[PDB]
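This document starts with one chain, in the form deposited in one PDB entry, laid out as structure tokens.
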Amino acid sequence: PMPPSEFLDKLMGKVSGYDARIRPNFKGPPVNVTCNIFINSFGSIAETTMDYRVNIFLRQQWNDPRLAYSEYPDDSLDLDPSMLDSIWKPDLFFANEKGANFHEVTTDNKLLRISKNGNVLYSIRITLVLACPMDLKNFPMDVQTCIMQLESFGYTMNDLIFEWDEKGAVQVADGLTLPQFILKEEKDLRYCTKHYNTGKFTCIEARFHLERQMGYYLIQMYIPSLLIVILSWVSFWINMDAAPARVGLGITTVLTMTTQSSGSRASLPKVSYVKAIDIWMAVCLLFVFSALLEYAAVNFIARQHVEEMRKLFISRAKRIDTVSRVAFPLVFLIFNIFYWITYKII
């Protein structure tokens, strides 16, 4: 019962002629590689960049007859990771990496165990910054689907095939929550077989269904956008005398409404389509621009009105200042219903 590495000497070195430069079952059927990932860290979901950082354990399993062994008694030899640069390993890469890296802290974070019948279990900790093109049409109420797809790079489909094992292909750490999102529990697992001018390459991808939390965007942008609408209404309970007051009120509540429009996109890409948060800030910018025009009508109607005529327009001009107090606060409401219900069924 010699030590395992010396047993591994019989397994790896020039004895038996193991070559790590040639895939298993060479010249025969392709190599069936079953995969699955464990997720430690999920988050930093960027939107200026439209990517996100994950921290996974990538488990790979394939059979290699050359790694058979019956001398040793037990069923598994979880070796040292230094034995990992000498056996064959599939050239798995992430088709949307945007930068990734291993982890070498106190050891290469690597695992490797071999079953008697040649089954290999290979597992390494990885940090990825995967690209997912965000779809920001209905932005605060959107549901993103950021993917990650595992391709081969040098082996064609007839010489290396990936799969997902049918027992929980994607696990997640227990207490894993996101600050801005929630990660839905059903995770898709479909095929993405690529085709180039070089050949066809195996591919498999996992679809994570993110979904934004409404709390933050409800506190910083919607409510402050809404109070500024109400102050635009207090220009109606003021007489048609305070020219500086109402105009000063409206202008101050139309420029601050312009700042928050731009402020609602500081942390966003410069996309060219209008998004759900945009029509809110637009329509809220339309009401406030109306009250500054409503007083524009009053101050002009009253100034234009012999003595039986001037009061004749005071009633009309003052009729407006009472219609305004109900028109705006209710027209805004019915709009406020068609908006949220539009994004409660979309």
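Heads up: residue numbers just count along the shown sequence, starting at 1. For the two forms, the rigid core is made up of the largest set of C-alpha atoms that agree within 1.5 Å on superposition.
Note that the form deposited in another entry isn't included here; everything after this is about it.
Participant: With the two forms aligned on the rigid core, which of the residues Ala95, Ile124, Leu92, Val271 moves its CA by 2 Å or more between the shown form and the other one?
Facilitator: After core superposition, the single residue displaced by 2 Å or more is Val271.
Participant: Kindly check if the Cα atom of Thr256 is displaced 2 angstroms or more between the shown form and the other one relative to the superposed rigid core.
Facilitator: Yes, the C-alpha moves 2 Å or more.
Participant: Would the C-alpha of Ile37 be classed as shifted by 2 Å or more between the shown form and the other one after rigid-core alignment?
Facilitator: Superposed on the core, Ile37 moves its C-alpha less than 2 Å between the shown form and the other one.
Participant: For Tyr217, is the C-alpha shift between the shown form and the other one 2 Å or more after core superposition?
Facilitator: Yes, shifts by 2 Å or more.
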